[PDB]
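First structure 1, then structure 2: two forms of the same chain, each alone, as structure tokens.
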Structure 1
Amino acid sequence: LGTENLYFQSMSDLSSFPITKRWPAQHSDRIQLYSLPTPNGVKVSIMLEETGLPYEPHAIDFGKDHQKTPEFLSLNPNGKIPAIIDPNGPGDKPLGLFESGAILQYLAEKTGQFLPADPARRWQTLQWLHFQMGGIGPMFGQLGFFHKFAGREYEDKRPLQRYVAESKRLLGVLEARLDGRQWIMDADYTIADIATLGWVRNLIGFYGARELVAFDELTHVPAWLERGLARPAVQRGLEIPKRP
């Protein structure tokens, strides 16, 4: 039975995941994070920092098309960051996950942190998560393409006007929700805030759209953003992994 015990150990380390051939794990007993500090990547590094889970971060170099490599694609077939491998997954077996949304939900369940205990407020929290994932992320990103990236050279500005109006409309929904609340779920800081902070920060910072979306006419979203940014875990998460 020496062979059989080696077999059971093999299913608990990470050599069965082909991504590790390109980004080797130094700490096979820690969550492997494959990411960049983009608005989507930082959701997960922030969550990991807020939970105190040990992890090992790996920058994925998009300049070299490393997200298009067979090794990266074996974990996320969509070719995007973030992705993780949790060696201590359900049933003490390693689990790979892509999609920031699935990962945030996974880490909140794993740790019993950043999701209300109350069943109704838990469901409510997931609506706001889904709101960021289907609305905020994709729409702010389209604004970015037409304002900051290659879409900015297109002469017809109606696309740009469309994503500016939708980004402002989304911010207005946040603004009514944060009127009289500390966090999206009131006194509880949750994966809904962790999903959303980076995108708002990015919109008014890197994207250079602060005036474009009339951000400084808002009251409640700016104060909420300031609250999130004062959290040490947010400050840490925002710069992990270092850019390659």
Structure 2
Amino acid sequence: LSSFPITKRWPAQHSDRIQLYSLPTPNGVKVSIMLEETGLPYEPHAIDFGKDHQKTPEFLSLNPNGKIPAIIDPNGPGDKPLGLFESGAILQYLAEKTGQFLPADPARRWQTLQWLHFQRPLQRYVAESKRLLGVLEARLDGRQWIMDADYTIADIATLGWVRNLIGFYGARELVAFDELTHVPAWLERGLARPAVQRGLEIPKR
């Protein structure tokens, strides 16, 4: 892992573990939830955007885009380390590494991938949030998870976003969350999972 310059600024205490460079944002918690769900050993590192640490040469050496989350799996394909960014790519990578959180059926596996990139100022944010919730509501009518009986990377990609959408005071009311039926029940099912509970707080801000 010494050949990865990010490790000069965020050293690996456990170089045999997946290194996670992230923040507990809706995009970041996708990957911490996935790591908790799979049970993979990992080492989280909070990336301080308040100090522009995402713009440091060490962070950019892993993700030139300057976004979280990013990982380095020291046990990557061909037993070489693999640095990877883009939360959708990471979720797929971890699903394949573990053989967990994708449906068995090939057609439904492809459909699962659709959900990895699903999600006046406030008025626009509220209108878009409502439109997205409406799509999810339509999908979850008569389904336990986005992919029916199977809990997948689709739920892992979306639970944190919905949780955060209604996080602040007045937010539920603004988006008429409690007038929905299927999203609230699914959110409850997801937040009851201990891996989800853990992932939502990782890394410590």
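FYI, numbering is relative to structure 1, first residue = 1. What we label the rigid core is the largest C-alpha set whose atoms superpose within 1.5 Å from one form to the other.
When the two forms are overlaid on the rigid core, CA displacement between structure 1 and structure 2 of 2 Å or more is confined, within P54, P70, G180, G208, to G208.
After superposition on the rigid core, displacement of the C-alpha of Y163 between structure 1 and structure 2 amounts to 2 Å or more.
Aligning the rigid core between structure 1 and structure 2 leaves the CA of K110 offset by 0.5 Å. The Cα position of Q127 changes by 1.5 Å between structure 1 and structure 2 once both are aligned on the rigid core.
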